[PDB]
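Quick notes on the structure that follows.
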Number of protein chains: 2
Amino acid sequence: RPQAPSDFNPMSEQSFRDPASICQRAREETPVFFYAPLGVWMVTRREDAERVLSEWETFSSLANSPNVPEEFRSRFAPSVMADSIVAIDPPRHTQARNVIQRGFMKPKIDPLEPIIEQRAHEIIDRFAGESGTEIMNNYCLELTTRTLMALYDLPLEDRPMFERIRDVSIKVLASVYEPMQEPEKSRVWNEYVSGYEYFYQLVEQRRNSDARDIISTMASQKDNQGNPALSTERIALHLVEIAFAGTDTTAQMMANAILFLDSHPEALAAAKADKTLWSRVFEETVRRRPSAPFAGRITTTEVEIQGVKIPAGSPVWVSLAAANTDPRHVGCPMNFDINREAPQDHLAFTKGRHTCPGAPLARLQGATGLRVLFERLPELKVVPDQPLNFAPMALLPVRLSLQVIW
Amino acid sequence: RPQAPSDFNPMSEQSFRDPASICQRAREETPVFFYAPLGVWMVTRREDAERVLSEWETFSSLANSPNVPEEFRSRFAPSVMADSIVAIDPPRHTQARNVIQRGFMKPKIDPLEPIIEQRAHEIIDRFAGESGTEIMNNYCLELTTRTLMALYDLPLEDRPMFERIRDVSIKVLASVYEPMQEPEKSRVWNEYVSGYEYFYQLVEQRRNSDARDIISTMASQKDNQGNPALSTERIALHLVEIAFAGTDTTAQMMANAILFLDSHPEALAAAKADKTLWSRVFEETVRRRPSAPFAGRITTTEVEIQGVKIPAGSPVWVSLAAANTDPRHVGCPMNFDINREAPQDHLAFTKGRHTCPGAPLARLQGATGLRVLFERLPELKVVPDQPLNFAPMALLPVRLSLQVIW
Ligand code: HEM
Ligand code: HEM
């Protein structure tokens, strides 16, 4: 069975600095292969990438499934966890999506730009009088958390718990891989269920609310028969998943955009002169360095990709970094050129049913934050020679530190 | 059942000149309704538009299906016609699409730009010395036919039949509603089958060819077991369908782009000054005036759209003009502003499985021809007050004449 080139290692620091650098030789030489250290098939070319991400009937998304402990099944039934937005397919995934996507529409997200700018200025006021700061937790992650809280429309008193909402979730994801012992398992799962019940109560209270918050936007969705389009359990679980899935991705996006603007100062000045380039500064970043460089699916039958035969039930990962940097679709795929004619023509948000629903917000945040970040501290320059601090993760390399000065 | 505002009439001249003008009041007031003069459901909002265009499992494409005459079934079996790319759904549509998409990739389409530019200059040289011309057939339609012949890589000696390929096919489409009488039916269907057999022979001869032309690109697709991925009959039928679906659409795109550049001289000057804007001149045109302003589907079960319940088996049309001009997705939806940040964020090529596969070519053609047209004849001005000549059709309003001067 086909193997992988030597330079292809998603767990190396070379992947943490540039996920697409390890994928060029692989895509060129072995477009579809098998990765044994992860035990999954690997697809790199954009054609096959879009095929796998689109054909849901052939490449299902059932690959992820946490298990609920026994003592919490009275408050959080296992079917609720089985209704995870990442672990469902039509007709259930479409039923959940028709409600989830209703909250990220332009009339709902556009009125958040002034709030994002205001809170970003408030955050910058905390360290604007110094000479340098750790921009990751102090700005990027902080601004993402505040933007998600504004989308949820939650008071600052609930800010701690909301942060915990992501810290718990990742641990839950690791449970199938590094099982938790007691009393860590009970504590983590109880905090998870507590956040779930908090969102449950918020949905029950905002069930007939006609406001901008995603809770009221998803709760007020009633079918022709008056019945709620999504049960309260499903809405609460999807709110938890949205909170946990947006924060790290958007924070990594902002960090990578800061890095790219530091490595390309002329594009930074050009973007400082015209605001309409900021979105492009977004789009070229997430294309060149996607926050989630891997998208997982599972085959429902036997497939043939690039002549390689893949048996039924085989987990297949699409390397979004290889697809976004395919020379067969974009000229100079490794360059950071914000002046491309088709900026949003990438798979950084995948494609099809499981397309990233938080893309309208993230973009706006990326368009709003970076500008403000380069409007308050213009000579912001990423400190060279700072030890790379990355959480060793394959699907989502999270940067823990990024020292910047101005 | 909900009706439509008075101004909504797809068969009126107001729709032929601007398909989005009849859709604004409808989209705002009655987003999903029933049109009795056509007997079909109408969906206008972009939110529901993407769902209907994407959810193939709920909104199938089986609504269109011509019937094969009896005497030609020995040369053109009815199952071959049943394998029409517009009348199939997964798993057959995926099998056909995996082969069709291989011919429109960037490495295949990009080497056609210089040929398109050269042939556009050759065409302009025929009438550049006059003072005015009918730009539709002399340039738009001519350039589209020559571009399709270059994609097929056919000699000019094959120009007549190829032209006939468009004249015949539409009549076949008109058979399901306005049946043909004798002896025209036999002659037209024999010409259709003759073109089908010509493409069959071209596929058999280019079966082992490794060139860029769509015939060799689709014919050389063989699975891991050496067998052809698609039978020769289906490849020939798909070539016929590709020509017939590209010609009129790209010609109407170019005509509408000429009209929009005439109505906005500052954008025309900006595009003349910078080549990178020509593509945007494309994208803003096809957004403001899509060549095919309606996309048809058929429901497989009962659906709920905007609270309106639509029974199973109901033909539903998505008004692409209303979706591309939805104020819920784009600000100032009726203006022709080529300086938008997200130019390709429209449904002019729909979305999902049945997305227009010729979009890479059309764009390339639209950017290449028009530019040359405004590089040879810069002071081109569309003659005001000329009787609008449109073939009275709902799914594809084709303009028959457009007099221009310079
Ligand atoms: C620039 C930042 C972001 C990037 C690069 C990004 C990227 C992605 C990727 C790669 C996926 C996987 C899709 C798949 O597996 O097919 C995804 C899904 C998802 N994203 Fe994001 N995302 C970002 C921001 C956000 C935000 C801000 C939110 C919410 C506020 C969000 C919520 C979600 C959800 C809920 C899913 C699951 C969709 C589903 O499975 O149905 N994302 N995103
Ligand atoms: C800007 C110019 C064009 C426009 C506006 C346009 C419009 C469209 C639209 C809206 C669809 C979607 C039909 C559906 O959803 O079922 C479509 C399908 C299609 N288009 Fe185009 N088109 C254009 C140019 C072309 C070109 C140059 C080709 C060359 C091959 C082409 C070939 C096709 C084919 C074969 C289909 C059927 C796809 C399928 O059903 O699988 N079109 N066209």
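If you're wondering about the labels, chains in the structure tokens are A, B, ... by order shown, residues count from 1 in each chain, ligands from 1 in order shown.
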
Residues within 7 Å of residue 4 (chain A), only C-alpha atoms, excluding chain neighbours under 6 positions, as a VMD selection string: chain A and resid 26 30 33 35

Given the selection you just returned, output its residues as a file containing N, CA, C and O atoms, formatted as a PDB file, in the first residue's frame.
ATOM      1  N   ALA A  26       4.312  15.636  -1.031  1.00  0.00           N
ATOM      2  CA  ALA A  26       3.324  14.570  -0.913  1.00  0.00           C
ATOM      3  C   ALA A  26       2.280  14.672  -2.017  1.00  0.00           C
ATOM      4  O   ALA A  26       2.047  13.708  -2.753  1.00  0.00           O
ATOM      5  N   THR A  30       2.704  11.544  -4.218  1.00  0.00           N
ATOM      6  CA  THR A  30       1.682  10.599  -3.763  1.00  0.00           C
ATOM      7  C   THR A  30       0.417  11.368  -3.408  1.00  0.00           C
ATOM      8  O   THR A  30       0.222  11.757  -2.245  1.00  0.00           O
ATOM      9  N   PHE A  33      -2.686   8.597  -0.289  1.00  0.00           N
ATOM     10  CA  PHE A  33      -1.868   7.548   0.315  1.00  0.00           C
ATOM     11  C   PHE A  33      -2.485   7.139   1.647  1.00  0.00           C
ATOM     12  O   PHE A  33      -3.593   7.552   1.992  1.00  0.00           O
ATOM     13  N   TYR A  35      -1.627   6.933   5.804  1.00  0.00           N
ATOM     14  CA  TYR A  35      -0.779   7.348   6.913  1.00  0.00           C
ATOM     15  C   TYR A  35      -1.025   6.387   8.071  1.00  0.00           C
ATOM     16  O   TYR A  35      -2.120   6.366   8.650  1.00  0.00           O
TER      17      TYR A  35
END

Each chain B residue no farther than 7 Å from chain A, nearest pair in Å, only C-alpha atoms, as a tab-separated table:
residue	atom	partner	partner_atom	distance
B:106	CA	A:329	CA	5.8
B:107	CA	A:328	CA	6.2
B:223	CA	A:307	CA	6.5
B:224	CA	A:307	CA	5.1
B:307	CA	A:224	CA	5.0
B:328	CA	A:107	CA	6.1
B:329	CA	A:106	CA	5.8
B:341	CA	A:276	CA	6.6
B:352	CA	A:352	CA	7.0

Next, the residues of the selection above should be written as a PDB file, in the first residue's frame with C-alpha atoms.
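Contents of again-v9.pdb, as written:
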ATOM      1  CA  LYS B 106      -7.023  25.151 -14.515  1.00  0.00           C
ATOM      2  CA  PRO B 107      -4.182  23.219 -16.262  1.00  0.00           C
ATOM      3  CA  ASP B 223     -10.466   3.343 -13.595  1.00  0.00           C
ATOM      4  CA  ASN B 224      -7.922   1.191 -11.765  1.00  0.00           C
ATOM      5  CA  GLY B 307     -43.180  28.308   6.654  1.00  0.00           C
ATOM      6  CA  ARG B 328     -29.954  40.072   3.158  1.00  0.00           C
ATOM      7  CA  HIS B 329     -26.628  39.027   1.597  1.00  0.00           C
ATOM      8  CA  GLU B 341     -15.020  42.644  -1.643  1.00  0.00           C
ATOM      9  CA  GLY B 352     -23.782  21.820  -5.020  1.00  0.00           C
TER      10      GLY B 352
END

Around ligand 2, at most 7 Å away and counting only C-alpha atoms and all ligand atoms, which residues are there? Put them as a PyMOL selection string, please. chain B and resi 53+61+85-86+97+241-243+245-247+249-250+253+286+290-292+295-296+348-351+353-359+361-363

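The least-squares superposition of chain B onto chain A, using every Cα atom in order, ends with an RMSD of 0.3 Å.
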
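With only C-alpha atoms taken into account, the protein and nucleic acid residues at most 9 Å from residue 200 (chain B) (excluding it and anything under 5 positions from it in its own chain) are residues 195, 205, 232, 233, 234, 235, 236 and 237 of chain B.
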
Could you find all residues in region 268-335 of chain A that DSSP calls helix (DSSP H, G or I) from the backbone, and write them as a compact mmCIF listing (two decimals) with N, CA and C atoms, in the first residue's frame?
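And here's out38.txt as it stands now:
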# COMPACT_ATOMS: atom_id res chain seq x y z
N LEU A 268 1.05 45.00 4.26
CA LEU A 268 0.50 45.61 5.47
C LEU A 268 0.28 47.11 5.27
N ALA A 269 1.24 47.80 4.67
CA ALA A 269 1.05 49.23 4.42
C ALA A 269 -0.09 49.46 3.44
N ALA A 270 -0.15 48.65 2.37
CA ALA A 270 -1.22 48.81 1.39
C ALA A 270 -2.58 48.58 2.03
N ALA A 271 -2.67 47.61 2.95
CA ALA A 271 -3.92 47.37 3.66
C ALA A 271 -4.22 48.49 4.65
N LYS A 272 -3.18 49.10 5.23
CA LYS A 272 -3.41 50.24 6.10
C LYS A 272 -3.99 51.41 5.32
N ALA A 273 -3.63 51.54 4.04
CA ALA A 273 -4.16 52.66 3.27
C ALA A 273 -5.62 52.47 2.88
N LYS A 275 -9.18 50.07 3.57
CA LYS A 275 -9.80 49.07 4.43
C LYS A 275 -10.27 47.85 3.66
N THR A 276 -10.66 48.01 2.39
CA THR A 276 -11.19 46.90 1.61
C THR A 276 -10.18 45.78 1.40
N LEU A 277 -8.91 46.00 1.73
CA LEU A 277 -7.90 44.95 1.63
C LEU A 277 -7.84 44.06 2.86
N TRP A 278 -8.38 44.52 4.00
CA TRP A 278 -8.29 43.74 5.23
C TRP A 278 -8.91 42.36 5.06
N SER A 279 -10.11 42.30 4.46
CA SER A 279 -10.73 41.02 4.18
C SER A 279 -9.80 40.13 3.36
N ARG A 280 -9.14 40.71 2.35
CA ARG A 280 -8.17 39.94 1.58
C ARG A 280 -7.01 39.49 2.46
N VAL A 281 -6.54 40.37 3.35
CA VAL A 281 -5.54 39.98 4.34
C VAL A 281 -6.04 38.79 5.14
N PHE A 282 -7.34 38.73 5.40
CA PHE A 282 -7.94 37.53 5.97
C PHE A 282 -7.84 36.37 5.00
N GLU A 283 -8.39 36.54 3.79
CA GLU A 283 -8.62 35.41 2.90
C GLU A 283 -7.31 34.77 2.46
N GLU A 284 -6.26 35.58 2.26
CA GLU A 284 -4.97 35.01 1.87
C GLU A 284 -4.31 34.30 3.05
N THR A 285 -4.59 34.74 4.28
CA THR A 285 -4.02 34.07 5.44
C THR A 285 -4.59 32.66 5.60
N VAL A 286 -5.92 32.56 5.78
CA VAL A 286 -6.56 31.27 5.99
C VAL A 286 -6.34 30.34 4.81
N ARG A 287 -6.09 30.88 3.62
CA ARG A 287 -5.71 30.04 2.49
C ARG A 287 -4.29 29.52 2.66
N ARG A 288 -3.34 30.41 2.95
CA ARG A 288 -1.94 30.00 3.05
C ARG A 288 -1.71 29.15 4.29
N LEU A 320 -6.31 20.13 4.09
CA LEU A 320 -6.74 21.42 3.56
C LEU A 320 -5.55 22.30 3.19
N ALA A 321 -4.42 22.14 3.89
CA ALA A 321 -3.23 22.92 3.56
C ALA A 321 -2.70 22.56 2.17
N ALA A 322 -2.74 21.27 1.81
CA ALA A 322 -2.29 20.86 0.49
C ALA A 322 -3.25 21.34 -0.59
N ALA A 323 -4.56 21.32 -0.31
CA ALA A 323 -5.54 21.74 -1.30
C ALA A 323 -5.48 23.24 -1.54
N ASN A 324 -5.35 24.03 -0.46
CA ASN A 324 -5.28 25.47 -0.60
C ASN A 324 -3.99 25.93 -1.28
